[PDB]
Amino acid sequence: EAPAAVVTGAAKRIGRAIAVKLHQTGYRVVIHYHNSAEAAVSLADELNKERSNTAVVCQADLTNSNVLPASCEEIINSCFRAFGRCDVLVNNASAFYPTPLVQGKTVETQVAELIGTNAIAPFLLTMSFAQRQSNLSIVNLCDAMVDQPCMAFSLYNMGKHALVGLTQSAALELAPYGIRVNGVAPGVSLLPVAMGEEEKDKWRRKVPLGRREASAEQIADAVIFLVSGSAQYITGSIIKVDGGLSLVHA
Amino acid sequence: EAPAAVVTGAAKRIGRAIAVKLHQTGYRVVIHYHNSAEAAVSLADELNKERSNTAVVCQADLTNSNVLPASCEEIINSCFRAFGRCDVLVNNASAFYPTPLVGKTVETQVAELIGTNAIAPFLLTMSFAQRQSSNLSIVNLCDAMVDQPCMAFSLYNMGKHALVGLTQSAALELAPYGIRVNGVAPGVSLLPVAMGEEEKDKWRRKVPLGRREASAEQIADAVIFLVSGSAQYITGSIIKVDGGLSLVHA
Amino acid sequence: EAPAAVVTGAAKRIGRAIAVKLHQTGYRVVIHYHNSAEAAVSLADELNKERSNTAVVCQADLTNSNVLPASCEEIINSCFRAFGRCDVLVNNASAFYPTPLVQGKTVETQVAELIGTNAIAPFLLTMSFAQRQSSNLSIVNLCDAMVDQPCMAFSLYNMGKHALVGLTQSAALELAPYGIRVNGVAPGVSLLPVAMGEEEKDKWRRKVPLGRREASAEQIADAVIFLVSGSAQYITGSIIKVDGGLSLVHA
Amino acid sequence: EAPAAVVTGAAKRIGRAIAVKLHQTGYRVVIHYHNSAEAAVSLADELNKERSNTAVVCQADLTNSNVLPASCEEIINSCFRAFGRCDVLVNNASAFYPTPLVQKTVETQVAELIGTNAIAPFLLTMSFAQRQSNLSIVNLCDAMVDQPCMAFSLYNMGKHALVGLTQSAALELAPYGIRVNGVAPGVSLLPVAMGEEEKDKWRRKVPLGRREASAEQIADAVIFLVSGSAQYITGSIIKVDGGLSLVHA
Ligand SMILES: NC(=O)c1ccc[n+]([C@@H]2O[C@H](COP(=O)([O-])OP(=O)(O)OC[C@H]3O[C@@H](n4cnc5c(N)ncnc54)[C@H](OP(=O)(O)O)[C@@H]3O)[C@@H](O)[C@H]2O)c1
Ligand SMILES: NC(=O)c1ccc[n+]([C@@H]2O[C@H](COP(=O)([O-])OP(=O)(O)OC[C@H]3O[C@@H](n4cnc5c(N)ncnc54)[C@H](OP(=O)(O)O)[C@@H]3O)[C@@H](O)[C@H]2O)c1
Ligand SMILES: NC(=O)c1ccc[n+]([C@@H]2O[C@H](COP(=O)([O-])OP(=O)(O)OC[C@H]3O[C@@H](n4cnc5c(N)ncnc54)[C@H](OP(=O)(O)O)[C@@H]3O)[C@@H](O)[C@H]2O)c1
Ligand SMILES: NC(=O)c1ccc[n+]([C@@H]2O[C@H](COP(=O)([O-])OP(=O)(O)OC[C@H]3O[C@@H](n4cnc5c(N)ncnc54)[C@H](OP(=O)(O)O)[C@@H]3O)[C@@H](O)[C@H]2O)c1
Ligand SMILES: Nc1nc(N)c2c(-c3ccccc3)c[nH]c2n1
Ligand SMILES: Nc1nc(N)c2c(-c3ccccc3)c[nH]c2n1
Ligand SMILES: Nc1nc(N)c2c(-c3ccccc3)c[nH]c2n1
Ligand SMILES: Nc1nc(N)c2c(-c3ccccc3)c[nH]c2n1
């Protein structure tokens, strides 16, 4: 039987590259997405062409709310209904935007989205994944710059910190069940789509290793490692994939 | 005249020792509480008799919800109303209980643990900064064990990790306004009063320095230092007050 | 043409496991050793019988001294003598024993061996490896997942592993413009000491969340070969724990 | 009687401030120096004029060598000889200069950089503990230890070892009531020979006030850590960096 993996925010960019690579490794994949339906199905169709019936999509908002636990359980359920098992969970979906401390979304909504996507949804997904259960593991997409935060990203940053906490807490608690829990922490990877190249270049020039951002595939390479049998004693570890960015002083 | 401090969860144990010491140092104090009304108004009495018109209490639930931003705003407004100023914010209040991955709802457990330990601090910090020869500073009560978490305390631990992230992000963003943001990280201090001799002594025996818990007063002394004029260049620092506990391997 | 790797303290245990895996992946290897000559020659024999002229040994003391930089330079030279190139350096060799702060070997000697093998030799060897330079050059340093929760009375050993973190980070920063990656692999409990009794090993085993056992030398080698591989081309200055959760467990 | 402290490299700059401030708090002090006799003495003079026979000097090279152990034992002895007790040891002395990985002998650089920043603290720590209230050690660390200066691997290794010793010694010595802590400056007093523009470049990086810390600011955290207000604090390293270590590249 082929193992199966859930990847949140898999329609595009890093999530997509993670789904593709998992599929290429022989996983069946649930491609979860929020708004990006067209990209999600194009990915599913592309993947099913390679091997039939190996890819499904699954839509959900991962913003914090009283329906979030149910949403997260349903995501996990969808992998089971589709494939009869859930071997891997990748928590990749993430809201990201500034939330300045001082002077259109309300602050409670910014909390719900930024803390929901980056932390709470990963927690609920992790409970549901675990409640349902070999080489079982969770990979959380963290942030190598978490202790050198961007100006005015406090809620994003709090969310990523919480994710580190979850990574560790869940690694300890789920180890008796045989479920490993790890993280991949990008520094600068794929820059935002419509960011001017001149601004992209300020970021690239920061990276010691080749003055360039990570490809989504290079991020995905670390995830693959973490799910593989070459990482079977690795739990609670966060691998930075950052080109040395996090080592550079101001 | 006298500066003023807000201390959250100041009705008892460690928050109360912080409120007392701050008062003893010259501060007027807002004593925030949730459910501990009798103990709250009792401390305010004790303090005002010692220096009249230097303490009020302020009730608020710090669970996350859409109205939490207003409740936090009101806590800060309460300090200005009573004292015309707000120089010090101490984020001490905290829910703490297990939330295993495998009769409160999960939605409620997330609301309480993450709201009290993380979201409220962030919102308070925001309202504190928005309202602003001075020495303005914020002290967050963190946790020395945040990287060696209690088994099945994931939401609590996520919260405390987010508080680290807040401590750093807000230290960075508020430096240009002369507001310092730091933390104090206890290990084992006053043990939950619901706990037995064997388990209390189990915790005591782990602590290399004197095989005992920290006094509330020992925690408050580090707080007092960080708000003091001897910490004018300190921001974004978290000081463990843990007797070495965090250094001890399993 | 195959790449070549230097693995220090490679005669047995984790270093041998690293050398063997690098060899199976297609590397030619320099098996450095200090006292364990028989085991080293025996390892190179097996590897050469698998593919001729792919394995050599190279003896050196990695204790700190004024000639230690020449000793480290010769190790790297031996890889270039034997194979014409050096693509990978694994800093594995390590002295490990208690040095109580309150109270055999002189303190001087303790400092030299513990700091020398765990930090100073890795620094000097990193120096020679860089100085002596399709390609994928990296360095992997064998660290310790327990550096921040150290064993009682091991201050000099812990000092050295902390310095090795320092080197991993500093060297990753400084050598990135040359294309050389520098990372680390941090065991918790792996192969227990040969002289430790089974009862005490079981005590160590029972602390590990992931399976209540120590890591196999192979599990450690697996993460080394990941970091040297093309699957880790953007990774530098990262230290991967291979500890089964151990560093996460409170007292 | 009043307690005594040893402060290594106390003749100038951050160590002098640490010594003065300990003295003003009521400590008697040993002012260790290597090259700065004249300054060590001036300081001893100035302190003794305030309070008679409360301040002595002590010379030693803290470079790693076969004699380092005895030198460190002597430094601790001088405090017992001068005042009959030794309550505080501040490891402040430190060599600091670049040691590029690609091109003094390197092993002299190892001896100086590692000896000053890690081995001497370790030996003084041993002699301090051996020769035994509110006893504590305060090590001067570096808030930028994880974001190190380019070409300073050896210095950075030493300060990492110092973190290591801070933690190991706090653990091992807690049984004796001996607390072991660190103070980690970011940019404090800039190097005397650094260019004026170079200095302002570093100042500008600092979030809190775009200035360096004064030695006094550094010493303030030292004094806290030795005070009774830190009697449960061990194994802690307090940054005093104005948020410099938080700022991304
Ligand atoms: N790219 C980088 O440089 C970088 C740096 C550090 C860390 N990381 C981390 O690496 C991971 C992948 O990064 P990325 O740049 O590829 O991410 P991204 O493009 O910013 O976001 C990934 C996906 O997250 C989903 N998402 C956003 N808000 C959501 C919501 N409320 N509910 C459900 N899904 C939501 C989106 O789905 P739809 O498109 O379907 O709406 C989106 O495509 C993230 O966790 C990120 O924080 C990235
Ligand atoms: N005790 C330790 O050993 C230890 C160890 C590590 C960290 N800490 C941290 O140090 C701080 C003090 O610890 P502690 O043991 O004194 O705290 P604690 O007694 O568990 O809690 C202190 C106060 O938090 C308030 N609180 C709880 N839930 C709340 C809510 N929903 N809204 C508003 N307030 C709420 C309570 O107020 P009412 O009584 O008024 O309801 C309570 O008095 C905490 O942040 C804690 O995490 C303590
Ligand atoms: N084993 C574990 O549980 C564990 C845990 C944490 C970290 N690690 C790290 O992983 C690495 C491998 O561990 P291990 O247990 O396999 O190592 P080990 O057996 O303790 O040491 C490996 C080799 O170190 C070499 N060595 C010792 N002193 C030397 C000196 N003065 N000069 C040159 N070489 C010297 C020895 O070579 P000869 O035999 O030829 O004399 C020895 O075979 C080490 O860096 C270790 O600290 C291991
Ligand atoms: N200044 C900063 O911005 C900064 C930043 C981060 C960390 N720190 C740390 O804070 C501490 C104080 O800093 P600083 O700038 O005041 O230091 P510094 O002036 O570079 O050096 C302080 C003293 O250390 C002594 N020293 C140097 N080499 C020695 C040797 N081989 N043997 C014995 N003593 C020796 C010297 O004493 P003599 O003059 O008597 O020869 C020198 O005066 C240091 O540990 C430093 O690493 C400082
Ligand atoms: N979800 C999400 N999307 C992102 N684009 C980022 C980035 C990032 C954004 C711009 C420059 C460097 C990094 C950093 N973290 C991110 N998280
Ligand atoms: N709010 C709150 N209350 C607490 N009692 C704690 C503790 C703690 C609880 C039990 C033993 C040792 C520490 C740790 N963190 C805590 N946070
Ligand atoms: N070189 C070397 N050999 C070792 N055996 C170790 C260990 C280790 C030793 C005993 C129990 C757990 C870990 C930890 N670090 C080590 N380094
Ligand atoms: N002993 C010693 N002296 C120093 N001057 C330093 C510095 C430092 C030197 C220049 C700019 C910023 C920091 C950093 N660490 C230092 N240690």
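What counts as what
Residues numbered from 1 in each chain as written, not as in the entry; some residues may be left out. Chains lettered and ligands numbered in written order. Heavy atoms only, no water. Helix = DSSP H or I, 4+ residues; strand = E, 2+ residues; numbered from the N terminus. Buried < 20%, exposed > 50% of the residue type's maximum accessible area, 1.4 Å probe, protein only. Contact = heavy atoms within 4.5 Å. Buried area = accessible area lost by both parts, 1.4 Å probe. Salt bridge = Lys/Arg side-chain N within 4 Å of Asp/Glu carboxyl O. Polar contact = N/O pair within 3.5 Å; in protein donor to acceptor, adjacent residues only side chain to side chain. Nonpolar A, V, L, I, M, F, W, Y, C, P; charged D, E, K, R; others polar. Near = heavy atom within 4 Å. Areas by Shrake-Rupley, 256 points an atom, 1.4 Å probe, with all protein chains shown as cover. UniProt positions renumbered as here; feature names shortened; annotations may be inferred. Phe/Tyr/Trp six-rings, centres within 6.5 Å; stacked < 30°, edge-to-face > 60°. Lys NZ or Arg CZ within 6 Å of the ring centre and 35° of its normal.

The record lists X-ray crystallography as the method behind this PDB entry and 1.95 Å as its resolution.

A look at unusual backbone geometry
All names here are of chain B. The residue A152 is not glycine, and still its phi comes out positive at about 70°. Note that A152 resides in the loop between β5 (136–141) and α5 (154–174). Accessibility expressed as a relative area gives 14% for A152, which makes it buried.

Considerations on the interface of chain C and chain D
With 44 residues of chain C at the contact, the number on the chain D side is 41 residues. Interface of chain C and chain D: buried area, both sides summed, is about 3,600 Å²; carbon and sulfur atoms make up 69% of it. A per-residue breakdown of the area chain C buries against chain D is headed by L101(C), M159(C) and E174(C), which together make up 21% of the total. Seen at the junction of chain C and chain D, the total is 0 salt bridges. Our enumeration of links across chain C and chain D arrives at 11 residue pairs in polar contact. Breaking the side of chain C that touches chain D down by element, the ones donating at least two residues are α3 (68–83), α4 (107–131) and α5 (155–175) of chain C. Looking at the side of chain C that touches chain D, the element that brings in the most residues is α5(C), giving 15 residues. In the side of chain C that touches chain D, the residues fall into 29 nonpolar, 12 polar and 3 charged.

Digging into the side chain of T63(B)
Residue and element names in this part refer to chain B. Locating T63 in the fold gives a position in the loop between β3 (55–59) and α3 (68–83). A relative accessible area of 16% places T63 in the buried class. Among the polar contacts made by the side chain of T63, one reaches the side chain of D61 at a distance of 2.8 Å. Setting aside chain neighbours within four positions, we find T63 in contact with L68, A111, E112, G115 and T116.

A word on the site of ligand 4
Residues and elements named next belong to chain D. Around ligand 4 sit 25 residues, and of these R13, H34, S36, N92 and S188 come closest. Separating an oxygen atom of ligand 4 from a side-chain N or O atom of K159 is a distance of 3.0 Å. Note that a nitrogen atom of ligand 4 is positioned 3.0 Å from one of the backbone N or O atoms of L189. Compared with its free state, where it exposes 880 Å², ligand 4 has 85% of that area covered by protein. The set of elements that each furnish at least two residues to the shell around ligand 4 consists of α1 (13–25), β2 (28–33) and α5 (153–173). Of the residues in the shell around ligand 4, the class split is 11 nonpolar, 10 polar and 4 charged.

A few points about the UniProt feature "active site" (unreviewed entry) in chain B
Residue and element names in this part refer to chain B. Per the UniProt annotation, the sites labelled "active site" (unreviewed entry) are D143 and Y156. Inspection of the secondary structure assignment puts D143 in the loop between β5 and α5. Look past the residues within four positions of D143 in its chain and what remains in contact with it is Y156, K160, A185 and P186. Within the structure, the side chain of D143 is placed 2.8 Å from the backbone nitrogen of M145, a separation counted as a polar contact. Topologically, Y156 is positioned in helix α5.

Notes on the UniProt feature "active site" (unreviewed entry) in chain D
Residue and element names in this part refer to chain D. Mapped onto the present numbering, the UniProt feature "active site" (unreviewed entry) falls on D142 and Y155. Relative to the helices and strands, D142 is located in the loop between β5 (135–140) and α5. The class of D142 is buried, set by a relative accessible area of 16%. Every residue in contact with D142, bar those within four places of it in the chain, is listed here: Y155, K159, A184 and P185. With relative accessibility at 10%, the residue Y155 sits in the buried group. Those residues in contact with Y155 that sit more than four places away from it in its chain are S94, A95, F96, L113, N117 and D142.

So, the packing of aromatic side chains
Tallied over the full model, the rule gives 14 aromatic pairs over all chains. For the pair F154(C) and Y157(C), a centre-to-centre distance of 6.4 Å together with 85° between the ring planes defines the contact as edge-to-face. Like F154(C), the residue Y157(C) is buried in the burial classification. The interplanar angle of 85° and the centroid separation of 6.4 Å between the aromatic rings of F152(D) and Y155(D) together place this pair among those described as edge-to-face. We note that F152(D), like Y155(D), is buried. Across from the ring centre of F80(A), 4.0 Å away, lies the NZ or CZ of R132(A), which sits over that ring.

Overview of the environment of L172(B)
Mapped onto the fold, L172(B) is located in helix α5. Along the sequence, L172(B) and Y156(B) sit 16 residues apart, while their C-alpha atoms lie 25 Å from each other. When sequence neighbours within four positions are dropped, the list of residues in contact with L172(B) reads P149(A), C150(A), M151(A), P207(D), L246(D) and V247(D).

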